[PDB]
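>>> please work out how this folds:
(8 chains, ligands or ions: 6)
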Amino acid sequence: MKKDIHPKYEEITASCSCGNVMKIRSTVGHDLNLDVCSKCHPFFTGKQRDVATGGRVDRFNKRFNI
Amino acid sequence: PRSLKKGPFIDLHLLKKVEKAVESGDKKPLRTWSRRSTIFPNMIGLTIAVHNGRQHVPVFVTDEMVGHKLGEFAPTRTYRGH
Amino acid sequence: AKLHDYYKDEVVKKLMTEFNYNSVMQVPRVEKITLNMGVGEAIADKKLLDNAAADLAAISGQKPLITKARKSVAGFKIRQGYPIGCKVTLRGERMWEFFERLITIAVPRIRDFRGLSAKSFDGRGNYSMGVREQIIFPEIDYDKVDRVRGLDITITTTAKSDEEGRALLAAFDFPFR
Amino acid sequence: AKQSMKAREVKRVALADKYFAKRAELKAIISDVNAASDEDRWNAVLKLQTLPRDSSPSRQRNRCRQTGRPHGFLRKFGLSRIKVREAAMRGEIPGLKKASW
Amino acid sequence: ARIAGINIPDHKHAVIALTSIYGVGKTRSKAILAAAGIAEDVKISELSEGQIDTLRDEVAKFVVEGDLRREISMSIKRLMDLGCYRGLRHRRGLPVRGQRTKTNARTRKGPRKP
RNA sequence: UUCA
RNA sequence: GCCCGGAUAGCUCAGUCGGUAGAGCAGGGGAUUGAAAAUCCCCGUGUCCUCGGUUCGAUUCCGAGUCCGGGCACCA
RNA sequence: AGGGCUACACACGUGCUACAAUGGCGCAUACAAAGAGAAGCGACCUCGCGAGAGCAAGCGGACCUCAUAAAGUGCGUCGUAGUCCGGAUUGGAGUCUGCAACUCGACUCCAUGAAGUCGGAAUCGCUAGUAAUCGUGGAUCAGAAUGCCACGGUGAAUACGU
Ligand SMILES: [Mg+2]
Ligand SMILES: [Mg+2]
Ligand SMILES: [Mg+2]
Ligand SMILES: [Mg+2]
Ligand SMILES: [Mg+2]
Ligand SMILES: [Zn+2]
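Numbers count the residues shown, from 1 in each chain, chains lettered A, B, ... in the order given. Ligands and ions are numbered 1, 2, ... in the order given. Next comes the structure:
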């Protein structure tokens, strides 16, 4: 790489919705709390069902006519 | 919004159709009519063709499109501006 | 990138034994990944390019190369030698790091994702697709940005066949719809 | 006078008052602390939504009796303003007459 | 004065100068002042930095300036991401809460430029 | 000042 | 080649010794009339031909030009 | 059966709230009328900021219900300021009723709470309890109008003249 022409290139952790540590050597520069990793994300698995959040379906099943 | 004591509401035709959907495949959407229906868990993942008054236009159900009603994504008037 | 060593052991451990090869060199491999935004409408707004290429600088790690048009046409009003598009070629551990980031923290974050195509190939294993909800990458703040421009991204492989392309993609499991 | 709408009205009203007191004990299930809040008042709304819409105490129109005029109805006489004034000026209506004060 | 990063006025009775927060109207104002436990119409100038600290740890219970900023941000972006009737009214600059448009609704409408 |  | 004159809004034009854009026309909306005219109320409308230096500050002072007009001009 | 009649670069006519110190809000307390009501009115009583939920008498009635009239007055606070003025605008959390409140309701709760600093040419109404304001109710009403109709409290200005 040419020196002093590219964005910062620090290494960052896969700060997912559950915190599965899958480090990323990226440009974001911060441990961006994302959703997308083995823990807490869909297509990190088949037959997707996000386990339990505040989200929508959680409070919907909380009211639900319970 | 709906009275909480009454809980949600949804018409049984769409209810049972989307039950069959979550059961045995969903490659096809649902050609419902009941725009007012509460989005349930077992509708997520589909691309339901919700009625706009003349057409049953598709809308994919997302985990955020759960606390809503079906018609909310089928606009009813073709707006173009002046 | 861990994905490169994942390759170095597992992907050969799969492909050598599947396609019953007679060399590790004979094993198909990925060499470069070129990302591109062929903006085209930036003919009017000069600043849209700097607006556009900023995503390559963000999504990819390298300050992009802005590509200049090749022929002044009549159909799109463009003049030859004009800042029409932008690209980033990612190879080495840069390629592997970006591909890890992609397939892990951005690809599954695609909304309404029935999956990728199983046919996007030139006929010579060099895969090529294109995303449109680019903010799926956590590299975009998507709140101070201007537009939601997509791109088209190609993965050049040494696989001289589309079957070998499918195999080398499913190596890293490549949703494939 | 488009008698079809008057017949609509009488049909809806007759059906509603025949199914009377059924939707009553269906809807009462929905406002009370019983039903486990998940089963009985839940199947009650299904029962209701299956029930005829043409048989509710609200889907009717409350049209007149003379010629079923849509607007201007008056529950006190079941007539439009027009025909109640006609009956008044005819003397049909007991106690009715132009008043001032 | 400095609480929540904002600079609420001085010589302005606390029960009203508390409301200077983008995220605290009169309701949260009275509630926070009661939960902290100070007299009503005292001017903010007569309130010590320790009183500011009590009010700080108390407003640390309610939503605050930047919290409400990002909250309204995320809510409207949620409506957008859904792309519903409400989200489209938002994005196209029209009334949202179900009103008439043809003549009134000038706030959602804009000025009379053309 | 005009209508017509 | 000499002296003079000018360009200003969407058209007709003002004024400059620097403190700063006007009016008519115009268009659009409105008011009045039974209806429109005129009228009236409003709004719109300027990078002052162009570029450049001068002074706390320019259409205005200057330089350097773009045109257009007038008058006078060398006999390669 | 859904949809729209509730669309919206835009003009115009009504009416409501404002742009506030005779005024903003808190406390205290009082002075009216006109009604309406039987799947209706709903007492009292507990809870929920609160919509209301529950309980659910009496009332086809000079008897129970809507029932605080408000504007008022006393005390207080605000202190001439996009204000402690507004309250539209949105976000979220509900209540109601309706088979059903997304398009397309009223109400309640939380927070930003906006143009708005008395309005141009012009133009409307009003001669007395009249306008000006303040609140009240009824019909239409499954719900749902600032609308319509009706009610009652304060309560003036100027008429020289054609
Ligand atoms: Mg280099
Ligand atoms: Mg409509
Ligand atoms: Mg206020
Ligand atoms: Mg008179
Ligand atoms: Mg009316
Ligand atoms: Zn996780």
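
>>> how about the strands in chain D?
D:73-74, D:79-80 (DSSP state E).

>>> for the chain, just list every one of the helices.
Reading this off chain A. A:57-63 (DSSP state H).

>>> that's the wrong chain, I wanted chain D
Under DSSP H, chain D gives helices at D:3-18, D:22-27, D:40-50, D:81-90.

>>> which of the residues in the first one are buried?
I take that to be helix D:3-18. Buried positions in helix D:3-18, judged by neighbour count with 16 or more other CB atoms under 10 Å in any protein chain shown: D:6, D:8, D:9, D:12, D:13, D:15, D:16. In short, each C-beta sits where N, CA and C put it, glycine included.

>>> how many residues are close by residue 35?
Picked chain A for this. 18 (other CB atoms under 10 Å in any protein chain shown).

>>> try chain E instead
14.

>>> again, but for the one 3 residues further on
Neighbouring residues of residue E:38 were enumerated by other CB under 10 Å; the total is 16.

>>> helix, strand, or coil at it?
coil (DSSP: H, G, I helix; E, B strand; the rest coil).

>>> got it, and residue E:86?
Residue E:86 ends up helix, using three-state DSSP.

>>> can you show me the helices along chain C?
C:2-6, C:12-18, C:46-59, C:92-101, C:162-171.

>>> identify all contacting residues around the first one.
Think helix C:2-6. C:93, C:96, C:97, C:99, C:100, C:172 (CB atoms under 8 Å, 6 or more residues apart in numbering or on different chains).

>>> is the helix or strand hosting residue E:81 anywhere near chain B?
Taking DSSP states H and E as the definition, one finds residue E:81 inside helix E:65-82. Yes: shown here: helix E:65-82 in contact with chain B (CB under 8 Å from any CB of the partner chain) through E:78, E:81, E:82.

>>> number of residues surrounding residue 5?
Going with chain A. 8.

>>> nope, chain E
9.

>>> quick one, which of the contacts of helix C:2-6 are buried?
C:96, C:97, C:99, C:100, C:172.

>>> give me the most central residue, chain B.
residue B:70 (3.2 Å; CA atoms, centre = their mean).

>>> likewise chain A?
Short answer for chain A (CA atoms, centre = their mean): residue A:35, at 2.3 Å.

>>> now it, what are its backbone angles?
phi -110, psi -10 (degrees, to the nearest 10).

>>> once you drop chain neighbours, what's closest to it?
Residue nearest to residue A:35 in three dimensions, not counting chain neighbours: residue A:17, with 4.7 Å by CB to CB, 6 or more residues apart in numbering or on different chains.

>>> residues touching that neighbour, list them.
So residue A:17 contacts A:33, A:34, A:35, A:37, A:39, A:40, A:41, A:53 (CB under 8 Å, 6+ apart).

>>> spatially nearest residue to the second one, not counting backbone neighbours?
Computed as CB to CB, 6+ apart, the closest residue to residue A:34 that is not its neighbour in sequence is residue C:138, at 5.0 Å.

>>> look up phi and psi at the residue minimising distance to the centre of chain D.
Nearest residue to the geometric centre of chain D (CA atoms, centre = their mean): residue D:60, 4.7 Å. Dihedral pair for residue D:60: phi -70, psi 180, per degrees, to the nearest 10.

>>> how close does it get to chain B?
21 Å (CB to the nearest CB, to the nearest Å).

>>> pretty sure that residue contacts residue D:8?
No: look at residue D:60 against residue D:8 with CB atoms under 8 Å: they stay out of range, at 9.1 Å.

>>> out of the helices of chain C, which is the most enclosed?
Mean neighbour count, computed with mean count of other CB atoms under 10 Å in any protein chain shown, is highest for helix C:92-101 among these, reaching a mean of 21.

>>> pull out the buried members of the contacts of residue A:17.
A:34, A:35, A:37, A:40, A:41.

>>> which pair in those residues has the greatest spatial separation?
Using CB to CB, the pair of those lying farthest apart is A:34 and A:40, separated by 9.4 Å.

>>> which neighbours do these two have in common?
A:16, A:17.

>>> around ligand 6, which positions in chain C sit nearby?
Within chain C, not a single residue sits near ligand 6 (CB under 5 Å from the ion).

>>> circling back: including distance to residue D:80, could the contacts of helix C:2-6 go into TSV?
Compiled in TSV, those are given as follows (distance: CB to CB, whole Å):
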residue	distance to residue D:80
C:93	86
C:96	82
C:97	80
C:99	77
C:100	77
C:172	77
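
>>> go through the strands of chain D and name the closest to chain A.
strand D:73-74 (37.4 Å; CB to the nearest CB).
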